[PDB]
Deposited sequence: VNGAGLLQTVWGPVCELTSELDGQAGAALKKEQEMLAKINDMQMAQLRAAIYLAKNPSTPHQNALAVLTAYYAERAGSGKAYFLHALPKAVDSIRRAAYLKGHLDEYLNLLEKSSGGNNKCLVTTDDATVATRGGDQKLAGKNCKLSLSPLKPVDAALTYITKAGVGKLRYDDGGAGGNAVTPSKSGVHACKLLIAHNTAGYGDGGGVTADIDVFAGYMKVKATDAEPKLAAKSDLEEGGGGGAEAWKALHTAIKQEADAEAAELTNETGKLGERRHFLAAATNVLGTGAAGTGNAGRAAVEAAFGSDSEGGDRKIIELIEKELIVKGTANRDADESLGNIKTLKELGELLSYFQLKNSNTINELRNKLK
């Protein structure tokens, strides 16, 4: 018999999903912050190499330093372009996930609170057992957080919707008299919200004009005397039919998320002669032979020696009006690094003019 509440095998998974959506924005924020940290790491590595070269013009490693500054600049530009390419996709995943969560929280809340006396709209396995909150704020043992927690950059698993599509939900069933999604109405227990018709639902004198999409289209409330009908799995996924656009758009948004470990953001690692962007830098500022001669190595790590020299270079108190000695590898603001490059570039200009005056 029609007219009872919604079985937990249906809404339970929806509760778990909306609870996962709560943390999607914080996970995306964390990924954006980590991407920006890599780009800034490249930009600062460029300046440190440039500072070391300006500080030690007569260094025997000028060719290696010229290659490294040009390489880190390309890495900074390539990382910056990848971030701009990923930014619309990140925004939309935040937008689409929270929009779906708002749909689910509105209707889940309405059903959960439509409880009292005969009214039992979220039930477990039968018409008489209504869901209640436990001390741990679980709803009949399920996570069901129907609001947004404060934004925090921490990862949060999203397992009910992935690049592969939706999972762990019920599909297809209902839409008639089989009591597949609601238990048989055995007596006084009822939930008139789940049918848009007058016999066992909230319709007055008859049904509405046509079935109604709820849960952003995951479920249809019928305009006839019939229990709700669950959408097909493919209706919730990219390429599916109509009726659940918010689900498909979120799947698509998740499919198109950028890779946080993309090659465009990360230092190149191969043998120095195989490193494509090392070679391009050497080609433009000084190919293979030039790279390997500047670093005195064909190995995978022939750059570690000059890299360590840059990091450990001592910047004495008073250099660029600095208040204490520090290692160049620990200076990590653009203001400080830019002032050091300017200080040494100015010194070099005065060295050039003085030597040229002596020679003339």
{"query": "Ranges missing from the model, given as deposited sequence positions", "finding": "287-296"}
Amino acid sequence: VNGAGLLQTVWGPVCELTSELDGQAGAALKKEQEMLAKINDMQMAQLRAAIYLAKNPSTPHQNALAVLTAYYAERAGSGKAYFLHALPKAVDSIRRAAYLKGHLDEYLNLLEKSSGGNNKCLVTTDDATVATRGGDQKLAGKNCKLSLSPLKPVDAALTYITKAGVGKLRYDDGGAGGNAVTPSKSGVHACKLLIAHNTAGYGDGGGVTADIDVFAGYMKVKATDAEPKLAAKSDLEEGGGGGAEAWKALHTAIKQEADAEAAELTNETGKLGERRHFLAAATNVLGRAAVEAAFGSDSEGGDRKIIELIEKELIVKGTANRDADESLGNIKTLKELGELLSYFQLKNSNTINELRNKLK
From here on, numbers count along this sequence of modelled residues.
| item | value |
| --- | --- |
| Stretch with the higher entry mean CA B-factor, where the candidates are 211-219 and 181-189 | 181-189 |
| Of 4-12 and 349-357, the stretch whose C-alpha atoms average the higher B-factor in the entry | 349-357 |
| Top residue by Cα temperature factor, when 43, 33, 319, 69 are compared in the entry | 319 |
| Most elevated Cα B-factor in the entry, residues 124, 78, 256, 114 | 256 |
| Modelled-residue ranking by C-alpha temperature factor, third containing residue 49 | middle |
| Cα B factor band for residue 271 (lowest, middle or highest third within the chain) | highest |
| Residue 21 by Cα B-factor - lowest, middle or highest third of the modelled chain | lowest |
| Entry-reported Cα temperature factor of residue 310, expressed as the chain third it lands in | middle |
| Third assignment of residue 324 from its chain's C-alpha B-factors | highest |
